[PDB]
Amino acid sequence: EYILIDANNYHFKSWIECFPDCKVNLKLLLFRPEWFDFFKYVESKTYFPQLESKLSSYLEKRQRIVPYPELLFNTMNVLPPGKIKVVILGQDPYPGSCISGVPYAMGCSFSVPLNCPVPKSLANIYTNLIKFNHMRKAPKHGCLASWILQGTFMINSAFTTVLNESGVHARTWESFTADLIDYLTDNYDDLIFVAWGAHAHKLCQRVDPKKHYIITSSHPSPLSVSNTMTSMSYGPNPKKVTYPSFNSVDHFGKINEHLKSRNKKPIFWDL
């Protein structure tokens, strides 16, 4: 109900409606207790001061931060750490809004609220599922709530941006994301990391490649979908390697085949 969002039933508090005192507290936006161990680690670190303060500056200035605060840790409040089966990193959240003014950004990577236009990179995800028979027809909407409930940890590495602006908070969110990723690879075992594009691939370099399964390809954005992607392998001895184009990889099949093999429930992808 925090992940099943609809832009014809959208009255989530704005950032400023959330903190008219421009002092930003992030503690408050995290509801689920299983993330408390992880958070209080991050709270106990150098940057969380700067982070909250850097975020406050934005409010002051006064820039419309997206997603809205109740949506910020959407995926986390829905999914406890021990129940996530797959990590799928986005980079920037969606920058745009519905004509009503409802933002596309909804706290978890690649998803949009119900009755919101579907951005092409998500369309390309649907095309891929259809290609490999995990889906018969593309859904009318782009809300991925169903996947997240089944253990798909879908998060952007930049948790916020500014409405109709891109990339503006990638670096202020950098430390926090590496700490989240470290936390997942250190303290849990058979996770599936999906690296779509160079940057997700870079983040998955911190993943222990013998605890966890990694799927790697180009990013589903229109300019990348059909192209390969080149960087270093994950090993102790990295070689320069080309990874396959997004549309050529059975991502969700590979996810499920692995899950089955470890006696876990596969994820139902169709919508």
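The first residue of the sequence shown is number 1, and the count goes up from there.
Of the two segments examined, 83-91 and 181-189, it is 181-189 that shows the higher average Cα temperature factor in the deposited entry. 43-51 and 212-220 differ in mean CA B-factor, and the higher of the two is recorded for 43-51. Between the residues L114, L129, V194, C98, it is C98 that shows the highest Cα B-factor in the PDB record. Ranked by Cα temperature factor within the chain, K13 sits in the highest third according to the deposited record. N164: CA B factor lies in the highest third for its chain, per the PDB record. In the PDB entry, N25 places in the highest third of its chain by CA B-factor. In the deposited entry, the Cα temperature factor of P244 sits in the bottom third of values across the chain's modelled residues. In the PDB entry, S226 places in the lowest third of its chain by CA B-factor.
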